[PDB]
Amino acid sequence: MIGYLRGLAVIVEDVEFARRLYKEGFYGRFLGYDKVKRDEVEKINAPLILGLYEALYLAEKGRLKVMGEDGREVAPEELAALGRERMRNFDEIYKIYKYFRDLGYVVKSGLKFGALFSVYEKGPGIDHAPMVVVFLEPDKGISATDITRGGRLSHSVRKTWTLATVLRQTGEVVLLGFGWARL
């Protein structure tokens, strides 16, 4: 159940474990593959890389034990402290990650889309086709330009996109859905 912390990601070298993670949540990415399908997983023998949010989630659940470079176990709270040190808004972002994951959604990097997350029902490829999730940071308002920008990030003709935030008062995760209105 082991993965190794190497900087800001965790790498799973036990291929049989790697395969189980990927076929059971589409956790991680195999180097250097992508859009790996479940049914080609068994013929893949490469390490799996997990992002820090993924690794923390799996550690919490506990489907992963993370080992550091000095051979220490890295507990969940240690992983979180690292994220908080290095990544602005880690705690709020993790909450969002966990929100979607706890409800059964596949959550992946949003970098390629210019967004926080890409969120899938079945899996990236294939098919259908990410919900683009944009983060609203603390202390930040919203304006018209944010809204059209999200519409641009969308891969739907309806220009649909989601804004995720955590309300400071309550800690509530709040998701808003937007889409173009042809009135």
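Throughout, we count residues from 1 along the sequence that is shown.
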{"item": "Segment of higher mean CA temperature factor, 17-25 or 167-175", "value": "17-25"}
{"item": "Mean C-alpha temperature factor, higher of 110-118 and 49-57", "value": "49-57"}
{"item": "Criterion, highest CA B-factor; candidates, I126, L153, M131, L64", "value": "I126"}
{"item": "Ranked against its chain, the third holding the CA B-factor of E77", "value": "middle"}
{"item": "Chain thirds of CA B-factor: placement of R149", "value": "lowest"}
